[PDB]
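Here are the chains, one letter per residue:
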Amino acid sequence: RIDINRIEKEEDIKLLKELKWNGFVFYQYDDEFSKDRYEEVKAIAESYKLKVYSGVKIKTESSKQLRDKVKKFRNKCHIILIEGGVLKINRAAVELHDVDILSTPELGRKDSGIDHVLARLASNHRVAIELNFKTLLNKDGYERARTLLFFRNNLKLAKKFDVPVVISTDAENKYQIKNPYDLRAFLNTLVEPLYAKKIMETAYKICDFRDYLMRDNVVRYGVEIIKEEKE
Amino acid sequence: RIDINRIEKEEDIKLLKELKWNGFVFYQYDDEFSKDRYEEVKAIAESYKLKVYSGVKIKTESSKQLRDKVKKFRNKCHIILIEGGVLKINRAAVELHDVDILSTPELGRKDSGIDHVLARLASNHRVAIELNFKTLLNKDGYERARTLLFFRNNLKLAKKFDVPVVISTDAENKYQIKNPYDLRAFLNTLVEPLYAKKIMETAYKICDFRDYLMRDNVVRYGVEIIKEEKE
Amino acid sequence: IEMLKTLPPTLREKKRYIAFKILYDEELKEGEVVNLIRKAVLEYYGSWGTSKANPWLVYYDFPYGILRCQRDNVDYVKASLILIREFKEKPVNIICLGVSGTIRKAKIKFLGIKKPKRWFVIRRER
RNA sequence: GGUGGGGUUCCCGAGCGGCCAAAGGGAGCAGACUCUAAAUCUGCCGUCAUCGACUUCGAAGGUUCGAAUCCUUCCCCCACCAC
RNA sequence: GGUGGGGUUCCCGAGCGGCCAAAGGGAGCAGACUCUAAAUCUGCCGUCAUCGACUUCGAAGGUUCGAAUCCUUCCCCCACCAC
RNA sequence: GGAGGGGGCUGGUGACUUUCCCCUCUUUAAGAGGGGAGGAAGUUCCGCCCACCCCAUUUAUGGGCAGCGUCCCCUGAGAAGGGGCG
RNA sequence: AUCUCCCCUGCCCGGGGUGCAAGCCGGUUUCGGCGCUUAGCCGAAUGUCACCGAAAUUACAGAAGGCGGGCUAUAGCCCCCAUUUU
């Protein structure tokens, strides 16, 4: 069970560990990332009992110059997220086949979440869709209606094409975070409970795959062990 | 398809006939009933194309002196309704086994609609439960919640014991009346569509039985035809 | 006297008891909790779902709380608990601890340690 | 439902089956130049970043001594149609 | 889960297997009475509403010459119990 | 072939959750395994295991049950149901 | 028809009364523990879906110390009996 949120204080994360949570993701939505924040993430993760995987995020830049610079800044960190309602950057983001999870098709667009050609290209390039929840807690009633209509449309377009889905709260403060049983009961309320469990299983397996990829000398899934001829 | 409402003007009833309605019930909730109102009911029923069956109603009087006086005023009219949240009068009303339909367990009581002993006694004495809807259109949100909770409880207690149910709007004005397809879709929304059709079938059959009882010389379902020895 | 018999347990409503907490440093009255949970249960259920899942708060002394539910729809009540966002100057936080069939068991699993019985003594003494 | 077509570098665009042959232009970096800057010119031009070498011509399979090119399949992108 | 019991007229309440035997009280109506009214008394007392006669004793089945009553079954209503 | 009466049976496997429960277990706190309502639990007509109080210690006296299947009586579309044991 | 005795046959010997909300313990009003469970709650847990099958969660309908007898109400199939019928 893996959450995606930002780190502010230690008591909030100590409350997170005491409930159910085994690990989470530190969320860098900025262009200024250094090793000091990641060392503070190490300190708060070793504070009580946890492991945290850090990522980086970009919003509203060019088409594929952004793709090259995003690869160059991605070569330092573990995982990544690209958010944006623009379809033009979304096509390149699902085309570059190296982004793990994808967010924001509903609030920058306000028309429809995922296109059919977009969902078929995501099936060929294996990019996952991340569903946020802070968008549900900063809107009005009919806005909640249109947003959950978009999520149910995206849920069908991910179910029929077997597109991987990761749920998160996309939190910002101490109290924006919610329970994992709550998110499981909500995704049970929407369509199905087995797919709700599959979302959490995929959320664990994608971080497991990124950790197993960047852990040792693994290139295109090739494991190399004792007595290497490494230059 | 039979409605229960009061008559104010003719244009409202002409709008009622032009939609789906084949007949309805004129509702006398007063202690002063005469033949002039019933002749006006005859005139408005023969105005465009309809048949109307008139009834009488009582509220908040004694225990069984009311039962005798209710029988004595019932001997002039076709059908009858007794409304009241008091359980003490409700026991006598379901005990006297001559009242056709029964209303108001939810707004005068505000605790629960029908008791289990009450539902078993209604099964032995064959009295029907009438479900109103003006109560739904003059409340607030949680009041709608508690009232429809009471109706779903009464719906189960009428389904398990096969208690007859008649839906009506219990209207008071030109626009309080609603569609029969609307009420059927709402009772479909609650539990089942077959029971929703059975409610309308029972609503037709109870007026058919009262008309066939008070039409000719029928005593305890005994039909007497041509060349009678009647004194 | 006005008395209603309890339905037999084959016919009565199958119920569950959700134990939860309303996390904030701020304070609340239990009537404010009932008002906010009625507004939220309307905002997630409508008349149909509020007739469906039977919401009623039974206990709120601390920021912990106990609320009653139908048995088939505890996930719906939890999803109703998630969508709290704002109450007039501020949010409140609703965080579920668990769900059980009674008070003596849900009181000891997450809430406390001992098993109290207060309804019997307030019925027999008063 | 229908016809005539296109997919090549960050963006607009050429290209005989063959030596990064990959015309290129705009862009980035560096040089040169200038008091500074614009314009012009030079090299890297995706990488090693001096010559030079390798990779990508929407994707897969196949022909061939050898595919952007020739064949098949899967796709997408255009233009215009109710009268 | 358990014990001792009750259901009869509009309401409180008696009643040997037997002639509305149905004690009754309060209530309604009428008479009587009074200037009016209260109280007392008289008849209907559920119906015909003068005598008198018929129906209801929670419901069904059965016994009997005959059921409020005796038997069986279905019910409800009481009282009190967690320590 | 159609309303009805009597007798028999009423679960198993697989997936989810300890946030449906209980028990057991190891383990960087959470998982794994097993089990989880029936012919009536209802009715309370009864008896026994288990307790306390009194008399008594007795098969001397005495107490309790039974005479079943069969038969008889009563009512049904005469299968069936109810009551009884010299 | 009821009531009470003596005339039989066989079996069994402690006789009555209350009842687990009985009774026992820490406590000494009030509370927690035992009785208590190859299900064991008590503010009364035994959840959802699919399927083999066809006996299946569909009707009556839900434990609260356990066991045995009798009564009441019926879902699905199987077996048996009866009227109409041909």
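Residues numbered from 1 in each chain as written, not as in the entry; some residues may be left out. Chains lettered and ligands numbered in written order. Part of a larger assembly, values for the part shown. Heavy atoms only, no water.

Method of determination, as given in the entry header: cryo-EM; reported resolution: 4.3 Å.

**Some remarks on the interface of chain C and chain B**
Across the contact, 18 residues belong to chain C and 22 residues belong to chain B. Counting the surface lost from both chain C and chain B, the interface buries some 1800 Å², and carbon and sulfur atoms represent 62% of this. Counting across the interface, chain C meets chain B through one salt bridge. Run the count over chain C and chain B and you get four residue pairs in polar contact. Broken down by element, the side of chain C that touches chain B gets its largest block of residues, seven residues, from helix α1 (residues 30-53) of chain C. Counted by class, the side of chain C that touches chain B contains nine nonpolar, four polar and five charged residues. (Contact = heavy atoms within 4.5 Å. Buried area = accessible area lost by both parts, 1.4 Å probe. Salt bridge = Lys/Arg side-chain N within 4 Å of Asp/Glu carboxyl O. Polar contact = N/O pair within 3.5 Å; in protein donor to acceptor, adjacent residues only side chain to side chain. Helix = DSSP H or I, 4+ residues; strand = E, 2+ residues; numbered from the N terminus. Nonpolar A, V, L, I, M, F, W, Y, C, P; charged D, E, K, R; others polar.)

**Notes on the packing of α1 of chain C against helix α2 (residues 74-82) of chain C**
Residue and element names in this part refer to chain C. Following both chains from N to C, one finds α1 and α2 inclined at 155°, their axes separated by 8 Å at the closest point. Considered as vectors, α1 and α2 are oriented roughly antiparallel to each other. The two elements α1 and α2 cross, and the hand of that crossing is right-handed. Of the residues in α2, those touching α1 at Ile 37, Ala 40, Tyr 44, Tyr 45, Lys 52 and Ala 53 are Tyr 76, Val 77, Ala 79, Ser 80 and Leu 81. Of the residues in the contact of α1 with α2, the class split is nine nonpolar, one polar and one charged. (Axes fitted to C-alpha atoms, helices over the stretch in contact; angles between N-to-C directions. Parallel < 35°, antiparallel > 145°, perpendicular 65-115°, else oblique. Left-handed = near helix turned anticlockwise from the far one by under 90°.)

**A look at the nonpolar core**
Core analysis: the largest hydrophobic core is formed by 40 residues, its most contacted members being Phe 133, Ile 167 and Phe 186 of chain A. If we skip the residues at most four places from it in the chain, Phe 133 of chain A touches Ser 168, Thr 169 and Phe 186 of chain A together with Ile 82 and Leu 83 of chain C. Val 56, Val 70, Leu 96 and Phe 151 of chain B belong to the second largest nonpolar core, which has 37 residues in total. (Core = buried A, V, L, I, M, F, W, Y, C linked by side-chain atoms within 4.5 Å. Buried < 20%, exposed > 50% of the residue type's maximum accessible area, 1.4 Å probe, protein only.)

**Section: the pairing of strand β6 (residues 128-131) of chain B**
Residues and elements named next belong to chain B. Here β6 shows two buried faces, one formed by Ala 128 and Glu 130 and the other by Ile 129 and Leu 131. In the sheet, strand β5 (residues 101-103) pairs with β6 via two bridges, with the strands oriented parallel. In the sheet register, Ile 101 faces β6, and the bridge partner there is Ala 128. Handedness of the β-α-β unit built from β5, helix α5 (residues 116-125) and β6 comes out right-handed. With three bridges joining them, β6 and strand β7 (residues 165-167) adopt parallel strand pairing. (Pairing = 2+ DSSP bridges. Right-handed = clockwise from strand over helix to strand, strands pointing away.)

**Overview of the interface of chain C and chain A**
Quoted interface sizes are often the accessible area lost when the parts come together. Listed per partner, the contact involves 18 residues of chain C and 15 residues of chain A. Around 1700 Å² of area is buried between chain C and chain A when both sides are counted, 58% of it from carbon and sulfur atoms. When the buried area of chain C at its contact with chain A is split by residue, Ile 82, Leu 83 and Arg 85 of chain C rank highest and sum to 36% of it. Taken together, chain C and chain A are joined by one salt bridge. Between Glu 43 of chain C and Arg 144 of chain A there is a salt bridge, and its shortest N-O distance comes to 3.0 Å. At the surface where chain C touches chain A, the tally comes to eight residue pairs in polar contact. Only α1, α2 and β4 (93-100) of chain C provide two or more residues apiece to the side of chain C that touches chain A. With six residues, α2 of chain C is the largest single contributor of residues to the side of chain C that touches chain A. Per-class residue counts for the side of chain C that touches chain A are 12 nonpolar, one polar and five charged.

**What about the sheet that holds β7 of chain B?**
Residue and element names in this part refer to chain B. Spatial ordering of the open sheet is given by β1-β2-β3-β4-β5-β6-β7, a layout of seven strands whose pairing is parallel. The open sheet has two free edges, formed respectively by β1 (2-5) and β7, since each of these has just one partner strand. Between one strand axis and the next, the sheet turns by 30° as a mean value, whatever way the strands run. With three bridges joining them, strand β2 (residues 23-26) and strand β3 (residues 52-59) adopt parallel strand pairing. Bridge pairing in β3 links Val 25 to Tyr 53.

**Description of the arrangement of the chains**
If you rank the two pairs of chains in contact by how many contacts each has, first place goes to chains A and C. Chain A makes no contact with chain B; the smallest distance between any of their C-alpha atoms is 16 Å.

**Things to note about a nonpolar patch on the surface**
A cluster of nonpolar residues, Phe 209, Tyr 212, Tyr 221, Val 223, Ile 225 and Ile 226 of chain A, forms a patch on the protein surface that exposes about 720 Å² of accessible area. Examined against the element boundaries, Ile 225 of chain A turns out to sit in the segment after α8 (193-215). (Patch = residues over 30% accessible without salt bridge, like charges linked within 9 Å, V, L, I, M, F, W, Y side chains within 5 Å. Areas by Shrake-Rupley, 256 points an atom, 1.4 Å probe, with all protein chains shown as cover.)

**Observations concerning the protein's contact with RNA strand G**
Residues and elements named next belong to chain C. Around RNA strand G, a shell composed of 23 residues is seen, among which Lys 14, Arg 16, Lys 117, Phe 120 and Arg 124 lie nearest. The sugar-phosphate portion of RNA strand G accounts for 68% of its atoms within 4 Å of the protein, the bases making up the rest. Contact between RNA strand G and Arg 71: a sugar or linking oxygen at 3.2 Å from a side-chain N or O atom of the residue. Contacts to RNA strand G include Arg 124, whose side-chain N or O atom sits 2.8 Å from a sugar or linking oxygen. Mapped onto the surface near RNA strand G, the elements with two or more residues apiece are β1 (15-23), α3 (103-111) and α4 (119-125). It is α4 that provides the largest number of residues to the surface near RNA strand G, a total of four residues. Of the residues in the surface near RNA strand G, the class split is eight nonpolar, three polar and 12 charged. (Near = heavy atom within 4 Å.)

**Brief notes about the protein's contact with RNA strand F**
Surrounding RNA strand F, one finds 16 residues, the nearest of these being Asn 22, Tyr 181, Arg 184 and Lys 197 of chain A together with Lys 78 of chain C. Backbone atoms, meaning sugar and phosphate, form 85% of the atoms of RNA strand F found within 4 Å of the protein. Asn 22 of chain A has a polar side-chain atom sitting 3.0 Å from a phosphate oxygen of RNA strand F. Residue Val 99 of chain C places a main-chain N or O atom 3.3 Å away from a sugar or linking oxygen belonging to RNA strand F. Those elements that provide at least two residues to the surface near RNA strand F are α7 (180-190) of chain A together with β4 and α3 of chain C. The class makeup of the residues in the surface near RNA strand F is seven nonpolar, one polar and eight charged.

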